[PDB]
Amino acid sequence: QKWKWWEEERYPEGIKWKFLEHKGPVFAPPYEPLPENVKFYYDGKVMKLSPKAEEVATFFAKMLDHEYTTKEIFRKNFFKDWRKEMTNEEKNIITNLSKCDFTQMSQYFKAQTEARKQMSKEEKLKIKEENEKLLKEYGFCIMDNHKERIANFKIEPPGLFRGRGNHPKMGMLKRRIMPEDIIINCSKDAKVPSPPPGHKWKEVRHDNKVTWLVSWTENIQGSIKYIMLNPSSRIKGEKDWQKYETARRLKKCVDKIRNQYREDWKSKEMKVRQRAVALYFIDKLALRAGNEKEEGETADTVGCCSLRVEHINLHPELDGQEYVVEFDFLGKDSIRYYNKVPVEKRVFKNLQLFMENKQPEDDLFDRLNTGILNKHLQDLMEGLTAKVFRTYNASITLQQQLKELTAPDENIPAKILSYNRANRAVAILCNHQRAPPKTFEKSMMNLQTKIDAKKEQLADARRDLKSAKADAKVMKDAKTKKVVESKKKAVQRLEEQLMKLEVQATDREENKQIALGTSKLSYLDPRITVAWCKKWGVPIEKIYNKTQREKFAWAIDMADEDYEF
């Protein structure tokens, strides 16, 4: 049938749903104990571990081939949380982690992973079918007259935290979520889910002000984790559309604001002069608005409104250009932003006033935060917040670059290269850097020998064409004229295959150190892509995959070739 929610009357602000019914969450598979043959050693003597401690042991044993299991924090934190999980007799023997031997456990787990790849077709088909019924019983929920798919109905299995970068809590045990940790959300008129036999849920609420189905607190940072609906849903979609419409509401007066902060660099007060240079960095240079986070709980990473004096270095003339600012800091997910950038005169002179009488450990932009920045952005435009500047700047840049890289005479695969090249341009700006895959980028040798193999085929096609024109000299008739037709059609068809493999090769080389993914899903308006695909006749299925085609369903229907962001 297919529900077109985008044609319906917008949902009144306040309420998110009227009805909500779901079979609750699926719990993480229980611990399957280690057999009599797999032994844990301590001080070279055998030790049978109690089911609680043996479970945490398995969590360290599996990551043993990694490099972080030698880090001080990972080992301190781990051993702390492991000592808790032990019995009073084990706490007395096991004084340190360094005298423990996990090798037999680690080998068993490297053996089971290997034994799972050698599993028979009859067995694999049995797991894949009982996995697809789990998806039909717990995978969907009812939300207002329609069935909507759930995002992550499965609850996270217990293991060890690593997080990203230099984390202070890395190594800590993520404890198993029991039904008693779960808060349920459904309507009054709905069938409240039944908890696992001989268990009870923490609290069953009916909050129609919220979009979640199940929620709970996780022990590492204490933040609330949620079971939300799949992107194809109304609730996640109507909001994603709204986002991209508030990026357009910025476009019609962006130049007005971009020519306001410029004059504010010459302002009277210090607070007004800081807020303006901050806004410049977010807009033109693409920085996330740095929210102040607690120290010693998360990694030391910053953003704009949280940048420190040590993070930026000033240089007058570097390699030929005036007023250069050198950025060197770890952003979200510990990803480094290195940027040497020629700015205006009044900016470079302003940064000196901010770094005046301050130490390297102090915050560059004092008398400012994200809330002080956002209050001004609300009085500049309704709904405007600091992240709309990444959405706008990304979406507009995708449109400008497509209007430049799409040649009307190009064939279909070459047009795709253009969209990727334009996607790439947005990935570099919005800082979605990546590290080259370990030993997998050497398979570039195997992709080039597919292009050099097609040249071997064309070096026989061009020399097959030369036997069509050299035989036209001796006896020219209707049978010899067909050899100049059939052996010219082949040269053109093998040449369009070499072009296709040279197009798809330039993609992988230039897109080595960046990622299109984040931008594609969360920053680029899909209507810009659909308009493009309808304009050049390129089928959408060649740009958007199975998942994204369902997420952006609203853009695939409602959007003509004439859409202008």
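Numbering starts at 1 and runs along the sequence shown.
- Relative to its counterpart among 221 to 229 and 289 to 297, 289 to 297 has the higher mean temperature factor, C-alpha atoms as listed in the PDB entry.
- Look at the mean CA B-factor for 83 to 91 and for 209 to 217 in the entry; the higher one is 83 to 91.
- The top Cα temperature factor in the record, among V204, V388, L330, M270, falls on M270.
- For the set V503, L524, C533, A28, the PDB entry puts the maximum C-alpha B factor at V503.
- In this PDB entry, the Cα temperature factor of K52 sits in the bottom third of its chain's modelled residues, the lowest group.
- Per the PDB record, residue ranking by Cα B-factor puts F153 in the lowest third of the chain.
- The deposited CA B-factor of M172 belongs to the lowest third of values across its chain.
- When the modelled residues of the chain are ordered by C-alpha B-factor, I540 sits in the middle third.
- Split the chain's modelled residues into thirds by C-alpha temperature factor. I142 is in the lowest one.
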